[PDB]
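Notes follow the structure.
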Amino acid sequence: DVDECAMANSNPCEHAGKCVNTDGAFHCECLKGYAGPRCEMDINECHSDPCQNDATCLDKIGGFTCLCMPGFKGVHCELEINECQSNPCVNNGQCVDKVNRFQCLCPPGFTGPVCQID
Ligand SMILES: *[C@@H]1O[C@H](CO)[C@@H](O)[C@H](O[C@@H]2OC[C@@H](O)[C@H](O)[C@H]2O)[C@H]1O
Ligand SMILES: *[C@@H]1O[C@H](CO)[C@@H](O)[C@H](O)[C@H]1O
Ligand SMILES: *[C@@H]1O[C@@H](C)[C@@H](O)[C@@H](O)[C@@H]1O
Ligand SMILES: [Ca+2]
Ligand SMILES: [Ca+2]
Ligand SMILES: [Ca+2]
């Protein structure tokens with residue numbers, strides 16, 4: 001048998017996989033996110049569709065990241081930002097939290113996006 005893990009100048013496994021010599025061939029212990037007989041395959045962690053609310057899943061090494069639609073947040077984009085948190089309405093306007101925006105319900109006699117015009 002040839003020791004592919006010892007006689008090699010560089011790792012015969014891909015992606016820093018750990019070479020384990022066997023009789024007639026060799027084995028590769030793959031790090032997280034890699035698969036295949038030589039760890040050559042990058043696992044697509046986005047195949048399970050983890051991102052919610054029409055977010056876009058980007059495949060990463062041993063994981064993923066979600067690009068949220070505007071107005072959403074969280075690991076899976078499962079939360080909605082509350083644009084009313086900053087108290088945008090003035091003149092005692094009531095703030096309604098929408099997706100990626102707020103709406104100020106103004107008391108009669110006031111207009112404007114945040115009820116700033118008497
Ligand atoms: C397939 O969908 C799952 C829904 O939650 C998701 O967990 C899976 O994600 C992975 O799990 C969480 C993250 O921390 C890991 O890095 C990732 O492998 C997804 O693949
Ligand atoms: C927080 O308040 C500001 C105005 O002060 C507004 O621009 C933001 O949209 C709101 O979320
Ligand atoms: C991925 O990103 C999200 C935010 C949406 O714009 C999708 O349409 C896109 O494919
Ligand atoms: Ca061998
Ligand atoms: Ca991946
Ligand atoms: Ca919102």
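In what follows, every heavy atom counts, from backbone to side chain, and hydrogens, waters and symmetry copies are set aside. Residue indices begin at 1 and follow the sequence shown.
Within the 4.5 Å cutoff, side-chain heavy atoms of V114 are placed close to those of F102. Contact annotation: the side chain of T22 approaches that of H27 to within less than 4.5 Å [non-hydrogen atoms, C-beta and beyond]. Counting heavy atoms from C-beta outward, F26 and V2 have side chains that stay 4.5 Å or more apart. Using a 4.5 Å heavy-atom cutoff, the side chains of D118 and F110 are in contact. By the 4.5 Å heavy-atom criterion applied to side chains, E83 and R101 are not counted as neighbours. Here the side chains of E80 and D97 are in contact, with some heavy-atom distance below 4.5 Å.
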Output, in order, the C-alpha distance, side-chain angles, deciding distance and verdict of side-chain hydrogen bond (donor to acceptor under 3.5 Å, both in side chains) for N21 and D1.
-> CA-CA 9 Å; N21 186 35; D1 167 60; 3.2 Å; yes
Disulfide (SG to SG under 2.5 Å) evaluation trace for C84 with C89 | CA-CA 8 Å; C84 287; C89 312; 6.0 Å; no
Criterion disulfide (SG to SG under 2.5 Å) on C39 and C30, from CA distance to verdict | CA-CA 5 Å; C39 308; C30 305; 2.0 Å; yes
Please assess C115 against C104 for the test disulfide (SG to SG under 2.5 Å), listing each intermediate value before the final yes or no.
-> CA-CA 7 Å; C115 320; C104 291; 4.8 Å; no
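We find the CD-CD distance between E78 and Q52 to be 5.5 Å, quoted to the nearest 0.5 Å. Interatomic distance, NE2 of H47 versus SG of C57, reported as 11.5 Å (0.5 Å rounding). Here the straight-line distance linking atom CZ of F64 with atom CD1 of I43 works out to 13.5 Å at 0.5 Å rounding. Interatomic distance, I117 CD1 to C106 SG, rounded to the nearest 0.5 Å: 9.0 Å. Within the model, atoms CG of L67 and CG of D54 stand 12.5 Å from one another, a figure rounded to the nearest 0.5 Å.
Surrounding CD1 of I61 are at most 12 heavy atoms belonging to other residues, nucleotides or ligands under 6.0 Å away.
Listed here is the closest heavy atom pair of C66 and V75: SG-O, 3.2 Å. Closest heavy-atom contact between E40 and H15: O-CE1, 3.5 Å. Between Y34 and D42, the shortest heavy-atom distance links the atoms CD2-CA, 4.2 Å. For the residue pair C77 and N53, the shortest heavy atom distance occurs at O-ND2, 2.7 Å. Of all the heavy atoms in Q116 and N91, the pair that sits closest is CA-ND2, 3.8 Å. Among all heavy-atom pairs drawn from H76 and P50, the shortest one is ND1-O, 2.8 Å.
A donor-acceptor contact shorter than 3.5 Å links the side chain of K32 to the backbone of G62.
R38 has a carboxylate O that lies under 4.0 Å from a charged side-chain N of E14, or vice versa, which qualifies the two as a salt bridge.
Placement of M69 and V99 within a single hydrophobic cluster is found when ILVMFWY residues are connected by side-chain heavy-atom separations under 4.5 Å, directly or transitively.
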